[PDB]
Amino acid sequence: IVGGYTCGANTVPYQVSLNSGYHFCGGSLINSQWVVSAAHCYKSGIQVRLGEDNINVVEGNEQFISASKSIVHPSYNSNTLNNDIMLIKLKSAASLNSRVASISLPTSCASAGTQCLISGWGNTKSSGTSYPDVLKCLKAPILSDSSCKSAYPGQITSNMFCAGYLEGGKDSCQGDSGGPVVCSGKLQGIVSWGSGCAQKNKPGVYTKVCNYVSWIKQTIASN
Ligand SMILES: [Ca+2]
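The rules we used
Residues numbered from 1 in each chain as written, not as in the entry; some residues may be left out. Heavy atoms only, no water. Residues with missing side-chain atoms left out of burial classes, pairs and counts. UniProt positions renumbered as here; feature names shortened; annotations may be inferred. Donors = N, O, S within 2.8 Å, 3.2 Å for Na, K, Ca; no water. Buried < 20%, exposed > 50% of the residue type's maximum accessible area, 1.4 Å probe, protein only. Pairing = 2+ DSSP bridges. Helix = DSSP H or I, 4+ residues; strand = E, 2+ residues; numbered from the N terminus. Axes fitted to C-alpha atoms, helices over the stretch in contact; angles between N-to-C directions. Domains from an automatic or database assignment. Contact = heavy atoms within 4.5 Å. Nonpolar A, V, L, I, M, F, W, Y, C, P; charged D, E, K, R; others polar.

Looking at the method and resolution fields of the entry, one finds neutron diffraction and 1.45 Å.

The protein has the name Cationic trypsin in the PDB entry, where Bos taurus is given as its organism. In the PDB, the structure is listed with the title "Neutron structure of cationic trypsin in its apo form". According to the UniProt record, the Subunit comment for the protein is "Interacts with SERPINA1."

1. A few points about the coordination of the calcium ion
Coordination sphere of the calcium ion, protein contribution only: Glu52 (OE), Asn54 (O), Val57 (O) and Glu62 (OE), at 2.2 to 2.3 Å. As a motif over one chain, the donors of the calcium ion read E-x1-N-x2-V-x4-E. Relative accessible area serves as the criterion here: at 41%, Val57 is assigned to the partly exposed category.

2. Some remarks on the sheet that holds strand β1 (residues 5–6)
Strand order in the open sheet made by the seven strands is β1-β9-β8-β11-β12-β13-β10, with antiparallel pairing throughout. This sheet does not close on itself; its edge strands, each paired only once, are β1 and β10 (160–163). Two strands pair when backbone bridges link them, and β1 and strand β9 (residues 136–141) are joined in this way by two bridges, in the antiparallel orientation. Looking at β9, one finds that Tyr5 is bridged to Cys137.

3. Quick look at the sheet that holds strand β3 (residues 23–31)
The pairing of strands in a sheet comes from backbone hydrogen bonds and takes either a parallel or an antiparallel form. Pairing is antiparallel around the closed barrel formed by six strands, whose spatial order is β2-β3-β4-β7-β6-β5. This sheet shows a mean twist of 40 degrees between the axes of neighbouring strands, independent of strand direction. Bridge count for strand β2 (residues 15–19) against strand β5 (residues 47–50) is three bridges, and the pairing is antiparallel. By the bridge assignment, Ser17 is partnered in β5 with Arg49.

4. With respect to the domain arrangement of the protein
What the domain assignment lists for the protein is domain 1 (1–12 + 103–210) and domain 2 (13–102 + 211–222). Domain 1 and domain 2 are separated by 18 Å when their C-alpha centres are compared. Every contact between the two is made by 37 residues of domain 1 and, on the other side, 37 residues of domain 2. Those elements giving two or more residues to the side of domain 1 that touches domain 2 turn out to be β8 (115–120), β11 (180–183), β12 (186–193) and β13 (204–208). For the side of domain 1 that touches domain 2, the leading source of residues is β12, giving five residues. For the side of domain 1 that touches domain 2, a count of residues per class yields 19 nonpolar, 15 polar and three charged.

5. Some words on the pairing of β3
Counting buried positions along β3 yields eight of nine residues, so the element is predominantly enclosed. Sheet topology note: the β2/β3 ladder contains five bridges and is antiparallel. Its bridge partner being in β3, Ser17 is matched across the sheet by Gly26. Adjacent in sequence and paired antiparallel, β2 and β3 are bridged by three residues, among which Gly21 carries a positive phi angle near 100 degrees. In terms of strand pairing, β3 meets strand β4 (residues 34–37) through three bridges, oriented antiparallel. From the neighbouring strand, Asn31 faces β4, where its bridge partner is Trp34.

Okay, structure coming up:
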């Protein structure tokens, strides 16, 4: 997260860290046994880390649970990043409390102008590299489809939306991939892609979760 603030320990209780020896992506806990992330975060051997703030220090509220199955969206296209969404089943149910909790799925899509919260452990600089150890947060609005398509001609599908600031300075960045975009208490987006981080006229692009609720629910109900 570039240009954000320190969330505060366990203030984003649905945020998870995907770990393969090191943090490599975020995700969101949608129930006691399932996490949703980006398909471009797929790899074998994932451990899901819940209840984290400092990812390099054991602080007492963590739960470390291995993944038992990963399901990449059937129509994911790695070249365009269309359908950039993945489900991860945990080997055992998480223990839900005030610091580890699930985030609701949306019943309706959020409209442009809605303010959302984006969070992650990604890079905090637009030029250079500095990775924080504690969770960072950014408040950002959903941008109009027109402004999003104008920023990225020929690249935005109906399964994507832009959020952030056209003037730059504030954005998600490398290492935030797969993490949540939460608006009015519902998961509306997944950190997907962009052109660099926090550059003028290049806002972040996010997977539009409201298009995938049926697939998510049917998949969880049969796996
Ligand atoms: Ca920790």
